[PDB]
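These are the residues of each chain, in order.
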Amino acid sequence: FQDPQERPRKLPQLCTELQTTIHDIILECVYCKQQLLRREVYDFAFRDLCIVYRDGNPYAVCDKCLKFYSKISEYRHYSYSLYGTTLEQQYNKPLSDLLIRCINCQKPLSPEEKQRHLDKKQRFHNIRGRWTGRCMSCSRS
Amino acid sequence: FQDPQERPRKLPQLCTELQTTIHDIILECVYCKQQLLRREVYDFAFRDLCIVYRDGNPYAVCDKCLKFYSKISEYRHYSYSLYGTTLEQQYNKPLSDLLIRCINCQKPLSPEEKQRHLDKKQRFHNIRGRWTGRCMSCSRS
Amino acid sequence: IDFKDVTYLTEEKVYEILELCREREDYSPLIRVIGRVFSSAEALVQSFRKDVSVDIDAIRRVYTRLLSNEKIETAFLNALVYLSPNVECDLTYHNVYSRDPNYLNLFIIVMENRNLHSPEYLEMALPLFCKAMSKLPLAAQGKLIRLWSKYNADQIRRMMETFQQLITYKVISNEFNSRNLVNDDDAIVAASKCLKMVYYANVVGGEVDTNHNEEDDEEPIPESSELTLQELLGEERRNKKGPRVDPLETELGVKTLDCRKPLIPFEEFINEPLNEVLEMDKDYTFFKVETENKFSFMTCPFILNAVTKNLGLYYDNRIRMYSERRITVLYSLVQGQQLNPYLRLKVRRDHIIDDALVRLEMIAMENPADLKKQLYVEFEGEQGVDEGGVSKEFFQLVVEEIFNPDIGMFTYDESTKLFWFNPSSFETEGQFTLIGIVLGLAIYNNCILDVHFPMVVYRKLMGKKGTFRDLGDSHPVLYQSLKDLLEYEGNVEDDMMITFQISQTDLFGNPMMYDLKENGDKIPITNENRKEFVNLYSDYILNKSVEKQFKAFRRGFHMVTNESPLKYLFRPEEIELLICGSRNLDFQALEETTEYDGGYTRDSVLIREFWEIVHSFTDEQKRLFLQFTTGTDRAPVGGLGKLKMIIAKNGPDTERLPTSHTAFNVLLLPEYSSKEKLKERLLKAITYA
Amino acid sequence: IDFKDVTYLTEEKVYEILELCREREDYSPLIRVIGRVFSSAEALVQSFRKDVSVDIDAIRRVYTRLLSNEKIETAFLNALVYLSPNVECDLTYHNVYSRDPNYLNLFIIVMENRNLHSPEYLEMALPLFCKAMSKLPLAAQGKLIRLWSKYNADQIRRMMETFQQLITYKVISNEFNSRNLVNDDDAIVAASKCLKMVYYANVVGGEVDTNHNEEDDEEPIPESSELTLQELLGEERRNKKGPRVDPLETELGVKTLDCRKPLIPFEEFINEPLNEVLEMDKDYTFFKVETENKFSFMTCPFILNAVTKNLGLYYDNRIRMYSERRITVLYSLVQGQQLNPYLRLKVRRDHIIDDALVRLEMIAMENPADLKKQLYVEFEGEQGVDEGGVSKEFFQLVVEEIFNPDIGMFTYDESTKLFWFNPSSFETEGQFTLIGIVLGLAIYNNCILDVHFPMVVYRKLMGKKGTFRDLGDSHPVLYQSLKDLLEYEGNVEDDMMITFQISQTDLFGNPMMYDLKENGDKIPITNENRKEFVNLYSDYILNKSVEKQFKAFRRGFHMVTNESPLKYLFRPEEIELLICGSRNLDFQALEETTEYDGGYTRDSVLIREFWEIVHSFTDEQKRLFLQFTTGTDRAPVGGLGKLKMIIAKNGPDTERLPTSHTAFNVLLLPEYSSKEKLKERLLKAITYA
Ligand SMILES: [Zn+2]
Ligand SMILES: [Zn+2]
Ligand SMILES: [Zn+2]
Ligand SMILES: [Zn+2]
C-alpha cells in the first residue's frame, strides 16, 4: 500500500479492489474525518474525483468540506478570468474537450453547461491554473 | 443633579458649572467608560454634541465609540435616501438651515459640504429620522 | 367665413360653425379653428367656461356632436401632439398652476374625448399627454381626484381601461431585459402615475370609514446603544419618524384602508403584462435610494400582482437580514464578541410552544433588534444543520400545537373552517404574542403556513376595527340574525323583547349576561334606535370581547414587521394570501419548472414514469407528496411553478425508499427497475409522515 | 493617357507618369491612379515588389519624389480613409494573412509616408489605420517587429513620435471622467497597440543578453488544504501555472529584461497626458476580468509612468488583502476559529530584528498564505492601535537595525552611499530572508524605505545576473581598473603579471587568495584571453561571492511578491523608486494638496504664518519635519503632492507642543498667539525625534 502505482484512484476501481460494490461501501472524509453517507459517496462517484490516500488509507471528501475548501481556493488563488471565445482561441481545443469543473461543487461541466456559458456570455475563471465555471446545480435560485 | 432642566447640555456650558476651562477638563466616555484625551474632548466641543448624564454624572463619547456606534446605527436603522433638490422640495427650508450631520463622525455639515453634495449630486441619507450626509474629513482618500 | 379672430370657444360658437360648414361642404374652417384653439394651451383656459369652472355636460355635448366623421377625429391628435410638450415644460418650469387654479380646466377638456380609447392615440398623443398630466402639481391632482370621484362606476372603468390599454401597448411594443429597463421609460411611468390618480379617485369615490380606526400601536423601543446615541446627538425622541406614505395619500386625507367596497374591484387595476417584464431586484433599490431618472413601481403597489409584491417584501427582508449579519461581523471584529449571525431557536420536539415562547420573550425583552436576524431552528436531541428545512418543520409543528382546540386558545367553527379568537382565554397573553411573532417571522423568512382566520382578523391587524359588515365571515348565523332584525319593517317592540341586555353561551356551557349600554335591561330595542344597536353589538363582539388577547397578538405581530413595507404594499385582503398559500394543486405548472441533477435528463426513462405516476395521483396523495417533499401541503404564493422543484438521481435500483431534502425542495430518486416498483416505493415513502 | 488598365505599381511606372504629367500640366492622371491603386487593398500586395518582398529604398525614393506639392499629399489621406475599414474587416474575418504572408507588405508601404507626422493625419486616417494595424495577426506582428529592429535610432524615434502625437491628440480632443472612459475608445487602444509594437521593436533592436539569466526561483508551497484539494481533483502538480506574459513577448522570444541599452530611452515611450486622464481602479479590473470592449492599459506597462504603476500595484495588493480578510471571516463563520484578519507582529523596541525574524520564520514555515494579510505591528510594552502609524515606525527601526555596519551584514562605501552585500557574512542566512521579507511587505503595504542599493542588486532580484557593465555602480574603482586593462593596446604579458589567481582583502584586514579557473596561478593574462578574464572576474564578484546570501535574500523577497504583477510592470530601474522615495523636497506641491480640519480654513490667520515658517525652513529642517509628521524623511513615489497632508486645529493658545497622527499624515496645530511663538513651538517639537 506504499506504491502509488498499485493503489487505485477512481471510486469504482477502488470498489473492485475491496470486493465491495458502490451500493454499500463505507468511506470517510479527508478533512473532517467523518464517514460519508450514501448521497455524498454517490455524488463523489458522479463528480469523478480521484481518491486521495493518507498513510496508505482510502479517503474521500464530503459535500461540506469540498464546497468550503473550493470556495477558499477560489477566494485565495484566483488568477484571472476569460471569455469562452477567447479561451477557445487561446487553447485552440474545442470546449467539449477541455476539463472544466464547477467553482463550488467541483463537478466537471457537461457540454450543456459550456454551451450555456457561451450563449449567456458568462466568464470562465482560472484558479491556480485550473480552469473553472459555474455548473447548473450551483447557479439555481 | 436629578432635575434635567438644571443640568447643562453643552460642553462649554458644562465647563462653566465646574469652575474649570475646556483647556484642562477631565471627561470620560459613556460606552467604553474611559477618559477622553485632549483631542477627542476638543473634537466633542467642535462637533456640538450634547452631554449625556447617567445617574447624575457627566459623560461624553470618544472617537472610537462614536464612529463605531454611528456605523452600527447606519447599518441598522437606515430608512432611505434622497437627493439635495428633492430634500429641499420636501422641506421647503434652505439646506443651510436644516441640521445635517456626518454619517461617521456625527459632525454637523457646514454649508461648504452641503454645497459640495449639491454639485457632486451625492445622496443625503435618512437614519431613523435623522438626516445625514458625508463630511469633508470622512470622505478623504 | 374663416373665423380668423377667435380666442376662446363656447358652446354656441362651436355649434354655429357647424351648419354653415355642412351646407357649404367646407369642413376646412372647422379643422383649422380646432387646430388653432386647441394647440394653443392658454386658449383652453378660458374656452368653454361656466371648484370647477368647466361645464362638463356642454363638453360631452360638443364632443358627441363633433365626433361624427373621419376628418374631425384627426384634428384632435395633431393638436394634442403639438400641445403636450408645451404644457409639460410650462408646468415643469413656469409654475403656471401657482398663478391660477383654472389652468387645470384644460385637462378635463382633453380627457373627456370618448375616442381616447381608440388605438390611434397610443402612438404619440396619449404618452405625451400622460407625461404632461404626471408633471402636474399635487393640489391640482387632489382637486382632479375629487372631481373624478363623482363619476359613475362605468366612467371610472372607462378611464381605467384608457390608461391600461396604453400601458399594455407600451409594454408590448418594446422589449425589456436586465440591460434596458421599464422604469427608465418615461411614457410608461407617466401612464402609471395617471392610473394611480384614477385609482385613488376610485378609492375616495366609495364609502369612507375613518371613525372605526384601531388605536396606534406602540413602537418598540430600540436597543440601549441607539438610545444613548440619540441622547448624545440631543435629537432624543422624534415623532417625525413614520411609515413611508404617498404624498397624494396625505394630501387627499383618505387611506386605501377606509375604502371598503370601491366602485371598481381593486384587481382590475392590476396590470398583467407589466409584471412579467418587471424586475423587483432593481425596483426595490430605486424605491429605497432615489435615482435621477428611474422610477420605482413599488410606489404604486396597486399595479403589482401578489407574485411580485411578495418578491419586493422578500427582497426587503433579505436586505435587513444582510445588514444584521454585517452588524454581527462588525461586532465580532471590533468589540471581540462571538460571531452569532443567526436567531438560534433551540426547542424540544415535545414542548416546542413553551420553549419557543420563553426564548422569544427573553430575546424581545433584551434585544428587540435580534428578531431581525435570520432564523435558525435546531431541535434539541438531534444534530444537524438547518439550511431551510428545520425552520419550516418548526413552523408547522408550532402551528399545530398553538391551534389545538384542547388549549382553548381559538374557537373552531366547522361550518366555515375558520378559527376565531376565544374571549375566555384568561390569564394567557404570552401565547398570543408567541403566535403573532410566529406569523411575523413566517412573513420575514418566506415560509407559508396553514392558518385559517376570518378577514376581520387581518383587517384588525392592518389597523381597522371590525364592523357589522365583517361579521358575515366570522359569525354567519349572528350576521343573518341581525340582518333579519334590520330588514324587519314592523314594530320590534311588539314581536320580540330583545334589549341591549345580551347573553351569550360559554365554552363550558353556562351562559353569561353582558350589558352594551349603561342599563341594557331597562331600555328595549325600538324601531328608531334599531340601527344604533347592531353596530354596537357587532362592535363589542369583534373588538372588546377579545380586547386583551388581540392587543397582545397585534403587538407581537408588529414587533417583527414594524419596519417592513408590508403595511404599505398589502391590503388586508392579501395578507392571508401572503401568510398562507394557494390551495390549487396544479402539477402541470410544476412539470415545466422542475429541474434535474445527478445525471437525470428531461427525456429520461424513469422521469416520464415518475411524472405519469404523480399525475395519476389522488387529490389527497398530491398533498401528501408535497408535504413530504417541500415540508408543506399548500402551494406557495402564486403557483406550483414558483416552487423550483429539483429531482436528483441517487443511485442504482435498491430497496431504499426515496428521501427528500426539504431545504431546497430536492427529491432523491434512485433509478428503479420499472415504473410499478417506483410507484410502490413512492407510495410507501410519502405515507410515513 | 489616363492609365485606365494598371493593377500594380512599380518604380519605373510611378516615375514615367511624372514627366509627362508635368509637361502637360495635368496632375489629374497622377491623383486618379494613386486613388485607384491605393484604395484597393489587394493592389498593394503586388505593387512595388522585389522575409520582405518590398524594396524599402524604392519606397523611400518614390515617397520623396511624389511628396512635392499641395495636391499629391491630399491623394493619400482619402485613399487611406477608404482602405482602412476594408483592411480592418478583412483581417478580422477573412483571415487573409493565413492564405499568404505577403499581405503584410502593404503595411510598410503605408507607414513609410514621411508626412504621417503631419497634423492632417490625426483626424480620420491615422486612427483607422492604427485600428487596422492592431487587428493584425501575431506572426505578422513578430515579423514586422523583426524588420523594424533593423532601423536606425532616429527612425525608431520618428515612429515613436508618430504614434505619441496621435495619442496626445486623441486624449486632448476629448474629455474623460468616471462616466466616459479612455479604455473603451478604440482609436486610442489601437494607437497604444502600435506603440507597443514599436516599443518591442526597439527593445529587440538593441543588445540582447539571455545567457546571463538568474536561476528560476522555487515557487513557495501553498497550504496543506490546497495541496489536498489538488490531490482530490487529481490535477496534483501541473506545469500550466506561471506569470502573465505578453503573447508578443513569447512570440518574439526576447524579454524586456535582456535589452540593456535600447536605441531610444524607455522614458520616451511614457505618455504624459494619458496618465492624468487614466483611472487605475477600473483598468485593473479590466485587466483581471476580460471585458467585451474595454481594453486595460496595464497590458502595456511602458505607457504608464511610475505614479500610476504604483497605483495598479497598490490596488492589486489591496484586493489580495481584502480576499484574505474574506477568507478569515469565512473561517470564523463556518469552522468557528477566532477572527484574526491581521498579520500580528508583536516585537520589542530593543530586539525588533530577532523577534521579527523568529515570528516571520514561524509564519512562513507554517502558513505561507498568512504573509498576504494586512500588516499590524503592535510593540510590546505599549498599548495602542496601529491604524498605519506603527507599521512604518517598525519598518524604519528594522531598516536601521539591519543596515547597521556593526553586524557586518552589508559593506559600506562612503564614496557612493550604497551598501553592498558582505561576502563574509557566514552562518547568517535568516537575516537576509528577513530583510527580503521586509522589502516585500513594504512593497505590499505601501510604505517607503531608506535603502541604498546599487542597480545590480535590483537587476539580480528581477532575474538577471550581474555583469561587467553593472560593476561601475557597485565597485567604481574595480570598474575603472578593469576598463583600463581592457583599453590597453599593448602586450599585457610584459608590464603586469596579473593572472586568474586574484586576491582580495577582508573586513578584518587579512587578504585571501581566490582562483577563477582551475589553476589561475599558472595561466597568466594575455592579449587574446584578456576579454574572457574581466567577464569572469566581475561575474565571480557579482554572483558567486554572495551566492549563498543573495539566494536567501531573493527567496525571502519572492515569498511575498510571487503573485504580484511587480515582475510584469516594473523594470529593475524602477524597483528602487518603488521601494525608496524621491529625495526632492517640494513644499510648493504640498501647499496645493494640503487639507484642513477642526475649523481651520485655507485663508486663516495662523495657516499662512505656518506656511511661511515651513517655507523658510532649512534643507535639513524640512526633512526633520517630514520625518516627525509622516514618519519618513523621503517623498513618496511621485511627489509631495501625492502625500495628502492634513492640518487639524487642536485648541487654544497653550504651552503644549504640536502632535502628529502619523497614520494619516495629520498634524494637530493649536492656534498660538502669534507667528514667532508657533515657529518656536514647531522648532521645539520636530527636534525631539
Ligand atoms: Zn468533510
Ligand atoms: Zn456546481
Ligand atoms: Zn468610548
Ligand atoms: Zn465625518
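Residues numbered from 1 in each chain as written, not as in the entry; some residues may be left out. Chains lettered and ligands numbered in written order. Heavy atoms only, no water. Residues with missing side-chain atoms left out of burial classes, pairs and counts.

Per the deposited record, determination of this structure is attributed to cryo-EM, with the resolution reported as 3.58 Å.

1. What to know about the overall build of chain C
In plain terms, the rule: By definition, any uninterrupted DSSP run of H or I lasting at least four residues is a helix, any uninterrupted run of E lasting at least two residues is a strand, and each is numbered from the N terminus.
The number of helices and strands found in chain C is 31 helices and ten strands. Seen through its principal axes, chain C has C-alpha atoms that stretch 100 × 80 × 65 Å.

2. Focus: the sheet that holds strand β4 (residues 130-133) of chain B
Residue and element names in this part refer to chain B. The cut-off we apply is this: Between any two strands, at least two bridges found by DSSP are needed for them to pair. It only takes one pair of heavy atoms within 4.5 Å for two residues to be counted as in contact. To obtain an axis, a line is fitted to C-alpha atoms, over the contacting stretch when the element is a helix, and the angle between two such axes runs from 0 to 180 degrees between their N-to-C directions.
Strand order in this open sheet of four strands is β1-β3-β4-β2, and the pairing throughout is mixed. Single-partner strands in this sheet number two, and they are β1 (78-82) and β2 (101-102). Here four bridges tie β1 to strand β3 (residues 124-127), and the two strands are oriented antiparallel to one another. Residue pairing for β3: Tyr 78 is matched across the bridge by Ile 127. On top of the sheet, helix α3 (residues 63-76) reaches β1, β3 and β4; it is set at about 85° to β1, its chief contact.

3. Here we look at the interface of chain A and chain D
Accessible area lost on assembly of the parts is the figure often given for the size of an interface. Applied cut-off: Throughout, the accessible surface (probe 1.4 Å) given up by two parts as they are put together, summed over both, is called the buried area. Any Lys or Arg side-chain nitrogen located within 4 Å of an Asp or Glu carboxyl oxygen qualifies as a salt bridge. Pairing of N or O atoms within 3.5 Å defines a polar contact, subject to two protein rules: one partner must be a possible hydrogen donor and the other a possible acceptor, and residues neighboring in sequence count only if both atoms are side-chain atoms.
The interface is formed by 32 residues belonging to chain A together with 30 residues belonging to chain D. Carbon and sulfur atoms make up 60% of the area that chain A and chain D hide from each other, which totals about 3000 Å². Looking only at chain A, the three residues that lose the most surface to chain D are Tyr 75, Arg 76 and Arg 128 of chain A, adding up to 26% of its buried area. The interface formed by chain A and chain D includes five salt bridges. Close ionic contact of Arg 76 of chain A with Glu 223 of chain D constitutes a salt bridge, the shortest N to O distance being 3.7 Å. Put simply, chain A and chain D have ten residue pairs in polar contact between them. Where the side of chain A that touches chain D is concerned, the elements lending two or more residues are α3 (63-76) and β1 (78-82) of chain A.

4. Here we look at the coordination of the zinc ion (ligand 1)
All names here are of chain A. Our working definition: Because no water is among the atoms considered, metal sites can look incomplete, with donors defined as N, O and S atoms within 2.8 Å of the metal, or 3.2 Å for Na, K and Ca. In this scheme the shape depends on donor count and angles: four donors with every angle between 85 and 135 degrees give tetrahedral, four or six donors with opposite pairs above 155 degrees and others between 65 and 115 give square planar or octahedral in turn, and any other case is irregular. Relative accessible area decides the class of each residue, using a 1.4 Å probe on protein chains only: under 20% of the type maximum gives buried, over 50% gives exposed, and in between gives partly exposed.
Donor atoms from the polypeptide that coordinate the zinc ion (ligand 1) comprise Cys 29 (SG), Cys 32 (SG), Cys 62 (SG) and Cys 65 (SG), at 2.3 Å from the metal. Coordination at the zinc ion (ligand 1) is tetrahedral, judged from the four donor atoms that bind it and the angles of 105 to 113° they form at the metal. All donors of the zinc ion (ligand 1) belong to a single chain; written as a sequence motif, their spacing is C-x2-C-x29-C-x2-C. For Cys 62, a relative accessible area of 4% corresponds to the buried category. Relative accessible area serves as the criterion here: at 12%, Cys 65 is assigned to the buried category.

5. Observations regarding the environment of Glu 518 of chain D
Tracing the sequence through the fold places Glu 518 of chain D in the loop between β6 (512-515) and α24 (531-544). A sequence separation of 139 residues divides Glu 518 of chain D from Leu 657 of chain D, and the C-alpha atoms of the two residues are 68 Å apart.

6. Topic: the sheet that holds strand β3 (residues 124-127) of chain A
Residue and element names in this part refer to chain A. Pairing is mixed across the open sheet formed by four strands, whose spatial order is β1-β3-β4-β2. Both outer strands of the open sheet, β1 and β2 (101-102), are each paired with one neighbouring strand and no more. Across two bridges, the pairing between β2 and strand β4 (residues 130-133) is parallel. Bridging from a neighbouring strand, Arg 101 pairs with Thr 132 of β4.

7. Details of the pairing of strand β10 (residues 666-669) of chain C
All names here are of chain C. Alternating residues of β10 divide into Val 666 and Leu 668 and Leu 667 and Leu 669, and every residue in both groups is buried. Looking at chain direction, strand β8 (residues 646-649) and β10 are connected through four bridges and run parallel. Considered in β10, the bridge of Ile 646 is made with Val 666. As paired strands, strand β9 (residues 659-661) and β10 are joined by three bridges and run antiparallel to one another. Paired with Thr 659 across the strands is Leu 668, a residue of β10.

8. Examining the domain arrangement of chain C
All names here are of chain C. The line we're drawing: Residue ranges assigned to each domain were obtained from an automatic or database domain assignment. Each residue gets one of three labels, nonpolar for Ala, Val, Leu, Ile, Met, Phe, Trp, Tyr, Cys and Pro, charged for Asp, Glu, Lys and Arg, and polar for the others, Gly among them.
When the domains of chain C are assigned, the result is domain 1 (1-119), domain 2 (403-580) and domain 3 (587-686). Measuring from the centre of the C-alpha atoms in domain 2 to the corresponding centre in domain 3 gives 42 Å. Counting residues at the interface gives seven residues for domain 2 and six residues for domain 3. Summed over both partners, the interface of domain 2 with domain 3 buries about 510 Å², with 63% contributed by carbon and sulfur atoms. It is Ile 448, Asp 450 and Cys 580 that lose the most area in domain 2 upon contact with domain 3, and together they represent 71% of the buried surface on that side. Counting the contacts that link domain 2 with domain 3 gives zero residue pairs in polar contact. Along the lines of polarity and charge, the residues of the side of domain 2 that touches domain 3 split into five nonpolar, one polar and one charged.

9. Some words on the domain arrangement of chain A
Residue and element names in this part refer to chain A. As far as domains go, chain A holds domain 1 (11-67) and domain 2 (76-139). Listed by partner, the interface residues are six residues for domain 1 and seven residues for domain 2. Summing both sides of the interface, domain 1 and domain 2 together bury roughly 520 Å²; the carbon and sulfur share of this comes to 62%. Counting the surface domain 1 buries against domain 2, the share from its top three residues, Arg 47, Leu 66 and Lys 67, is 66%. At the surface where domain 1 touches domain 2, the tally comes to zero salt bridges. Linking domain 1 to domain 2 there are two residue pairs in polar contact. Elements with a minimum of two residues in the side of domain 1 that touches domain 2: α2 (38-47) and α3. Class assignment of the residues belonging to the side of domain 1 that touches domain 2 gives a composition of three nonpolar, no polar and three charged.

10. Observations concerning the interface of chain D and chain B
On the chain B side, the residues contacting the 15 residues of chain D number eight residues. Both faces combined, the contact of chain D with chain B buries some 960 Å², and carbon together with sulfur accounts for 55% of it. Its largest share of buried area at the contact with chain B, chain D owes to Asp 597, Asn 650 and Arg 656 of chain D, together 37% of the area lost on that side. Here chain D and chain B share zero salt bridges between them. Linking chain D to chain B there are two residue pairs in polar contact.

11. Some remarks on the side chain of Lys 114 of chain A
Residue and element names in this part refer to chain A. Worth spelling out the cut-off: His is not counted, nor are the chain ends, whereas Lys and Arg count as positive and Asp and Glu as negative.
Mapped onto the fold, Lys 114 is located in helix α5 (residues 111-120). With no salt bridge to any partner, buried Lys 114 finds its closest opposite charge in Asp 97, at an N-O distance of 7.6 Å. Of note is the side chain of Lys 114, whose polar atom sits 2.9 Å from the backbone oxygen of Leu 98. Residues within four places of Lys 114 in sequence aside, it is in contact with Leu 95, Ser 96, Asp 97, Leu 98 and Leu 109.

12. Considering α3 of chain A
This is how the line gets drawn: Here the expected length of a helix is defined as 1.5 Å per residue gap, with one fewer gap than residues.
For α3 of chain A, built from 14 residues, the straight-helix expectation of 20 Å at 1.5 Å per residue is met to within 8% by its first-to-last C-alpha distance of 20 Å. On its buried side, α3 of chain A packs onto α2, β1, β3 and β4 of chain A together with α12 (224-233) and α17 (306-334) of chain D.

13. Concerning the packing of α3 of chain A against α12 of chain D
How we decide: By the definition adopted for this analysis, an angle is roughly parallel if under 35 degrees, roughly antiparallel if over 145, roughly perpendicular if from 65 to 115, and oblique otherwise. Crossing handedness is read from the near helix: turned anticlockwise from the far helix by less than a right angle, it gives a left-handed crossing, and turned clockwise, a right-handed one.
For the pair α3 of chain A and α12 of chain D, the least separation of the axes is 10 Å and the interaxial angle reads 115°. It follows that α3 of chain A is roughly perpendicular to α12 of chain D by the angle criterion. Of the two elements, α3 of chain A crosses α12 of chain D, and the hand of that crossing is left-handed. Listed contacts from α12 of chain D to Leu 66, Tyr 69, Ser 70 and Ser 73 of chain A of α3 of chain A are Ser 225, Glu 226 and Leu 229 of chain D. Taken together, the residues of the contact of α3 of chain A with α12 of chain D break down into three nonpolar, three polar and one charged.

14. Here's the deal with a negative patch on the surface
Residue and element names in this part refer to chain C. This is how it is decided: Residues enter a patch when their relative accessible area is above 30% and they make no salt bridge; the linking distance is 9 Å between like charges and 5 Å between nonpolar side chains (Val, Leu, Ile, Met, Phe, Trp, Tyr). Using a 1.4 Å probe, accessible areas were evaluated by the Shrake-Rupley method; residue-level cover was limited to the displayed protein chains. To locate a charge, take atom NZ for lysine, CZ for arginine, CG for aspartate or CD for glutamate.
Residues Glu 11, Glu 12, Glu 16, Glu 19, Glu 23, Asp 55 and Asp 57 make up a contiguous surface patch of negative charge. By the secondary structure assignment, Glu 11 is in the segment before α1 (13-23). With relative accessibility at 35%, the residue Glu 11 sits in the partly exposed group.

15. Overview of the pattern of salt bridges
Pairing between side chains of opposite charge can happen when their charged atoms approach one another. A complete count under the given rule lists 74 salt bridges over all chains for this structure. Between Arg 76 of chain A and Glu 324 of chain D there is a salt bridge, and its shortest N-O distance comes to 3.1 Å. In this pair, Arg 76 of chain A sits in helix α3 while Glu 324 of chain D sits in helix α17, so the two residues belong to two different chains. In this structure, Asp 470 of chain D and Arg 260 of chain D form a salt bridge, with 3.2 Å as the shortest nitrogen-oxygen distance. Of this pair, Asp 470 of chain D sits in the loop between α21 (455-462) and α22 (471-474) while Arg 260 of chain D sits in the loop between α13 (247-252) and α14 (266-269), and the two are 210 residues apart along the sequence. Using a relative accessible area of 24% as the deciding quantity, one classes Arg 260 of chain D as partly exposed. The network of salt bridges with common partners includes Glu 267, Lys 309, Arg 571, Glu 573 and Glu 574 of chain C.

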